[PDB]
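Coordinate analysis (summary)
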There are 2 protein chains.
Amino acid sequence: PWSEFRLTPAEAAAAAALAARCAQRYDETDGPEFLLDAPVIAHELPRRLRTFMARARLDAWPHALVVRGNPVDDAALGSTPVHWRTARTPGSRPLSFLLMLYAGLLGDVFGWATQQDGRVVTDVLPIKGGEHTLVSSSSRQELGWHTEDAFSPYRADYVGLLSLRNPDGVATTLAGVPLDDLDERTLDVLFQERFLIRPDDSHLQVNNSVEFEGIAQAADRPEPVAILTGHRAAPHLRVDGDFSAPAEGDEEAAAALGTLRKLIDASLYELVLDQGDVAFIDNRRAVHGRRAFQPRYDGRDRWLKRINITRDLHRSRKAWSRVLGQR
Amino acid sequence: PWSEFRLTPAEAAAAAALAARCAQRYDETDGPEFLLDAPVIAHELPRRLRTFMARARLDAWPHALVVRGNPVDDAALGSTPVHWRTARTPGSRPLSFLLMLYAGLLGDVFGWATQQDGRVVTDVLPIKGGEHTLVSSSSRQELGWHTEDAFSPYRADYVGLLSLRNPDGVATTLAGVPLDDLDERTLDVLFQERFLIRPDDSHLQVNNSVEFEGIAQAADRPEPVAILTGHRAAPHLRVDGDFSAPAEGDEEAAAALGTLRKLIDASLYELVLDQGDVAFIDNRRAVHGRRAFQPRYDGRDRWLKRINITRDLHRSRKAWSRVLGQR
Ligand SMILES: N=C(N)NCC[C@H](O)[C@H](N)C(=O)O
Ligand SMILES: N=C(N)NCC[C@H](O)[C@H](N)C(=O)O
Ligand SMILES: O=C(O)CCC(=O)C(=O)O
Ligand SMILES: O=C(O)CCC(=O)C(=O)O
Ligand SMILES: [Fe+2]
Ligand SMILES: [Fe+2]
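- As summarised from the PDB record, the model derives from X-ray crystallography at a stated resolution of 1.8000 Å.

What follows is the structure in structure tokens.
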């Protein structure tokens with residue numbers, strides 16, 4: 001259900017070489033300079049990869065675009081950081097640039113003022129003491145399926161994930177719209193503005209080191225929104241298993257959401273991002289999550305770099321440029 | 001108020017050479033093959049141009065992106081066609097490929113099932129007998145300002161225009177949102193769903209050689225929509241001077257539209273696309289039109305190639321792929 005591309009060793013080496021050169025020439029991935037240049041520098045990636053990204057993005061069906069086979073040297077990479085705060089390590093620097101280059105082929109990258117200190121390239125790793133939380137630094141508790149930043153009209157079109165390491169093969173989870181099982185009445189209701197979607201815990205002040213006011217308003221006074229939009233035969237999806245609810249006292253909407261939860265749970269499947277694998281999850285066609293795992297805390301924990309991507313930065317003008325948020 | 005780039009002779013020659021090679025290798029511009037390949041082939045355009053297009057698209061202010069200095073040889077080009085039907089002349093073929101290459105740097109190109117026989121690259125030229133019409137083949141009557149395909153939620157983000165010839169320097173017209181003069185109450189009303197926007201005459205059966213049913217429904221039963229959307233301090237614009245109206249009996253909406261017409265008329269400015277100039281008009285920030293001119297009908301009339309561009313083809317899934325329309 002996803003579109004997959006495997007780099008040849010030579011293509012992977014070329015891509016890595018390009019990223020290393022970027023790492024040499026630019027101070028940081030999130031600097032204004034590299035943010036502007038990355039989409040043009042990405043034109044120098046291997047042609048077969050550029051072709052895959054240009055075409056696969058336009059296909060009607062894939063839940064994600066997956067690129068396998070980027071080399072990662074654990075010795076060069078170094079130990080998995082204990083927190084996202086200190087996760088911009090020299091060993092992980094070239095791979096962060098690599099992710100941004102791939103991302104630039106798909107759209108405009110951005111971050112959130114209220115998430116990991118406004119960083120554009122973010123980190124997914126287990127944080128000691130946060131095993132049973134609802135955020136991506138969890139481990140022992142499964143990260144439930146969700147549309148990324150479901151609360152926001154400015155949520156990403158694609159979520160990019162690059163696996164720096166994943167020694168025990170922990171699965172990312174995905175599900176599309178369960179169209180084979182949604183009856184027309186349920187479908188009709190899911191297309192109506194009868195649902196409340198609150199911001200997830202990654203946007204809380206406690207999970208960072210004026211935009212928090214907007215988050216508080218989205219949490220306190222969510223306006224009713226639809227779960228499905230667009231074409232009945234291929235709807236776009238906006239839902240969060242741990243932060244969605246029906247509108248106050250709307251039992252029809254509730255029943256539709258209840259049914260949707262059951263169908264998504266039943267159709268949820270696994271994608272293992274092995275070391276060096278990159279996935280760009282279509283945040284409109286699919287929800288995603290991560291399986292429960294036992295963290296190590298020995299320096300070799302599973303570690304991903306992540307980036308939010310929009311097809312059009314100007315659609316979020318109200319929340320501006322590369323770091324989004326509102327009052 | 002637009003962003004301008006001038007090709008050096010060498011850059012222009014290189015771009016032309018690239019387009020000529022495409023014209024040699026592909027049967028047509030609108031074929032599935034070239035539609036898919038163009039965005040990747042465009043990576044081979046001159047780097048300074050690719051840089052301009054990548055950055056200028058992300059700027060907050062421009063009403064259009066303008067590229068000057070593509071050579072056009074009138075002798076090679078041949079005479080201006082008498083109708084769009086016969087306008088895919090060998091002389092104009094390389095320049096059509098050139099426009100599609102530039103367009104591919106900005107987004108996904110598409111056409112309409114109900115406009116110029118579903119062509120993606122379309123033609124703007126004066127048609128004898130149609131001087132006083134509301135379509136782009138007019139001449140003696142000014143083409144009034146408009147958002148392109150304002151009636152449709154799937155209208156282009158950018159409209160690309162390449163001037164094949166314009167010997168008498170006829171001006172394209174542009175206007176942005178008149179924010180310096182819209183009072184808050186008027187602004188509030190323009191942001192509300194209190195306006196009717198009907199499809200323009202280019203979507204009629206008479207202006208072509210099941211999607212016409214959708215056009216008929218948009219004409220007969222238009223649903224109320226807003227004129228302004230997005231950020232109050234930089235709104236997006238959706239209006240058509242010859243096809244917009246207030247909702248039935250809504251005099252407040254009417255007064256807001258009346259005021260907007262006056263302010264747009266007063267702020268309308270001119271952009272002359274000389275032979276070889278290309279403009280990508282931001283269809284969300286600006287309305288555009290064309291000044292009245294006396295047509296020649298001697299074979300050297302003003303002639304443009306045109307293309308519709310979206311940042312995201314999947315947003316129009318309901319109306320699908322590269323040729324849009326509904327029942
Ligand atoms: N949406 C839920 N349920 N949890 C938040 C997961 C998201 O991926 C969030 N941006 C995070 O990083 O924790
Ligand atoms: N919108 C008005 N008023 N007229 C139609 C002009 C448009 O550019 C139309 N696509 C045309 O080519 O005539
Ligand atoms: O850990 C993963 O594989 C995905 C976690 C996730 O949902 C995210 O980073 O947004
Ligand atoms: O003739 C021009 O310059 C622009 C006409 C126009 O509005 C269009 O082609 O969409
Ligand atoms: Fe997520
Ligand atoms: Fe137009």
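Additional details are given in the paragraphs that follow.
1. Things to note about the site of ligand 1
All names here are of chain A.
- Looking at ligand 1, there are 13 residues lining it, with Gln115, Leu134, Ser136, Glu148 and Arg306 nearest.
- The separation between an oxygen atom of ligand 1 and a polar side-chain atom of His146 is 3.3 Å.
- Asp240 is positioned such that a nitrogen or oxygen atom in its side chain is 3.0 Å from a nitrogen atom of ligand 1.
- Coverage of ligand 1 by the protein chains reaches 98% of its 350 Å² of free accessible surface.
- Across the shell around ligand 1, the residue classes tally to four nonpolar, four polar and five charged.

2. Considerations on the coordination of the iron ion (ligand 5)
Residues and elements named next belong to chain A.
- All of the protein donors around the iron ion (ligand 5) are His146 (NE2), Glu148 (OE) and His288 (NE2); their distances to the metal are 2.1 to 2.3 Å.
- Between the six donor atoms coordinating the iron ion (ligand 5), the angles at the centre fall across 71 to 173°, so the site counts as octahedral.
- By relative accessible area, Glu148 is classed as buried at 7%.

3. A look at the site of ligand 4
Residue and element names in this part refer to chain B.
- Close to ligand 4 lie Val124, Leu143, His146, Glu148, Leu161, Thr172, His288, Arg290, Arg302, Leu304 and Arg306, which account for all nearby residues.
- Side-chain polar atom of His146 to an oxygen atom of ligand 4: 3.4 Å apart, as the coordinates give it.
- Between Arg302 and ligand 4, the recorded distance is 2.6 Å, taken from a side-chain N or O atom to an oxygen atom.
- Out of a free accessible area of 300 Å², ligand 4 has 99% covered by protein chains.

4. Details of the UniProt feature "transmembrane region" in chain A
- The UniProt feature table records "transmembrane region" at residues 95–113 of chain A.
- Secondary structure within residues 95–113 of chain A divides into 53% helix and 26% strand; the distance between the first and last C-alpha atoms comes to 23 Å.

5. Examining the side chain of A:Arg155
Residues and elements named next belong to chain A.
- Following the sequence through the fold, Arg155 ends up in the loop between β5 (143–146) and β6 (158–165).
- Put simply, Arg155 is tucked away with no salt bridge, and the nearest opposite charge, on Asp157, sits 7.2 Å away.
- From its side chain, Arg155 meets the backbone oxygen of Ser152 in a polar contact 2.9 Å long.
- Excluding residues that lie within four positions of it along the chain, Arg155 makes contacts with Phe110, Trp112, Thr147, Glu148, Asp149, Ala150, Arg238 and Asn283.

6. Focus: the coordination of the iron ion (ligand 6)
All names here are of chain B.
- Within the protein, the atoms that donate to the iron ion (ligand 6) are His146 (NE2), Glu148 (OE) and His288 (NE2), at distances of 2.1 to 2.3 Å.
- Seen from the iron ion (ligand 6), its six donor atoms lie at angles of 71 to 173°, and the figure they make is octahedral. This pair shows no difference in class: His146 is buried, exactly as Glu148 is.

7. A closer look at the layout of surface pockets
Residues and elements named next belong to chain A.
- When its volume is computed, the second largest pocket comes out at roughly 330 Å³.
- Looking at the second largest pocket, it is lined by 18 residues, and the ones nearest its centre are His63, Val177, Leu179, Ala234 and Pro235.
- Of all elements in the fold, only β10 (234–237) and α8 (251–267) reach the threshold of two or more residues within the lining of the second largest pocket.
- In terms of residue count, β10 provides more of the lining of the second largest pocket than any other element does, three residues in total.
- Taken together, the residues of the lining of the second largest pocket sort by class into nine nonpolar, five polar and four charged.

8. Structural notes on the sheet that holds strand β7 (residues 171–176) of chain A
Residues and elements named next belong to chain A.
- Pairing is antiparallel across the open sheet formed by four strands, whose spatial order is β5-β14-β7-β12. Both outer strands of the open sheet, β5 and β12 (269–272), are each paired with one neighbouring strand and no more. The mean inter-strand angle of the sheet, taken between neighbouring strand axes irrespective of direction, is 25°.

9. Description of the interface of chain A and chain B
- With 34 residues of chain A at the contact, the number on the chain B side is 34 residues.
- The contact between chain A and chain B buries some 3,000 Å² in all, and 52% of this surface belongs to carbon and sulfur atoms.
- For the chain A face of the interface with chain B, the top three residues by lost area are A:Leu58, A:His314 and A:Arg317, together amounting to 20%.
- Where chain A packs against chain B, one counts six salt bridges.
- A salt bridge links B:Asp108 to A:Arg57, with the shortest nitrogen-to-oxygen separation between them at 2.7 Å.
- In this assembly, chain A and chain B are joined by 16 residue pairs in polar contact.
- Those elements that provide at least two residues to the side of chain A that touches chain B are α2 (32–41), α3 (47–56), β9 (228–231) and β10 of chain A.
- Here the element with the most residues in the side of chain A that touches chain B is α3(A); it accounts for five residues.
- Among the residues making up the side of chain A that touches chain B, the classes are represented as 10 nonpolar, seven polar and 17 charged.

10. Details of the relation of the copies chain A and chain B
- When chain A is brought onto chain B, the operation consists of a screw motion whose angular component is 180° and whose axial shift is 0.0 Å, with 0.0 Å RMSD remaining. Here the transformation between the copies is reduced to the relation of a two-fold axis.
- Both copies share a contact surface, since 100% of the interface residues of chain A are interface residues in chain B too.

11. Overview of the sheet that holds strand β12 (residues 269–272) of chain B
All names here are of chain B.
- With antiparallel pairing, four strands are arranged side by side in an open sheet as β5-β14-β7-β12. Because the sheet does not close on itself, it has two edges, and the strands there are β5 (143–146) and β12. Strand-to-strand twist in this sheet, taken as the mean axis angle between neighbours without regard to direction, amounts to 25°.
- For strand β7 (residues 171–176) and strand β14 (residues 286–290), the ladder comprises five bridges, and the chain directions are antiparallel. When the bridges of β14 are listed, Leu174 appears paired with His288.

12. A few points about empty space enclosed by the protein
- The calculated volume of the largest cavity comes to roughly 540 Å³.
- The wall of the largest cavity is formed by 34 residues, among which A:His43, A:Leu105, B:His43, B:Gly104 and B:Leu105 lie closest to the centre.
- Looking at the lining of the largest cavity, the elements with two or more residues in it are α2 and α3 of chain A together with α2 (32–41), α3 (47–56), α5 (93–104) and β3 (108–112) of chain B.
- Looking at which element gives the most residues to the lining of the largest cavity, the answer is α2(B), with five residues.
- Of the residues in the lining of the largest cavity, the class split is 19 nonpolar, six polar and nine charged.

Basis of the calculations
- Residues numbered from 1 in each chain as written, not as in the entry; some residues may be left out.
- Chains lettered and ligands numbered in written order.
- Heavy atoms only, no water.
- Near = heavy atom within 4 Å.
- Polar contact = N/O pair within 3.5 Å; in protein donor to acceptor, adjacent residues only side chain to side chain.
- Areas by Shrake-Rupley, 256 points an atom, 1.4 Å probe, with all protein chains shown as cover.
- Nonpolar A, V, L, I, M, F, W, Y, C, P; charged D, E, K, R; others polar.
- Donors = N, O, S within 2.8 Å, 3.2 Å for Na, K, Ca; no water.
- Tetrahedral: all angles 85-135°; square planar, octahedral: opposite > 155°, others 65-115°.
- Buried < 20%, exposed > 50% of the residue type's maximum accessible area, 1.4 Å probe, protein only.
- UniProt positions renumbered as here; feature names shortened; annotations may be inferred.
- Helix = DSSP H or I, 4+ residues; strand = E, 2+ residues; numbered from the N terminus.
- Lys, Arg positive; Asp, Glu negative; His and termini not counted.
- Salt bridge = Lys/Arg side-chain N within 4 Å of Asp/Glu carboxyl O.
- Contact = heavy atoms within 4.5 Å.
- 1 Å grid on protein atoms, 1.4 Å probe; cavity = no way out; pocket = protein on both sides within 12 Å on 5 of 7 lines; lining within 4 Å.
- Points joined across faces, edges and corners; volume = space filled by probe spheres on them.
- Pairing = 2+ DSSP bridges.
- Axes fitted to C-alpha atoms, helices over the stretch in contact; angles between N-to-C directions.
- Buried area = accessible area lost by both parts, 1.4 Å probe.
- Least-squares fit on C-alpha atoms.

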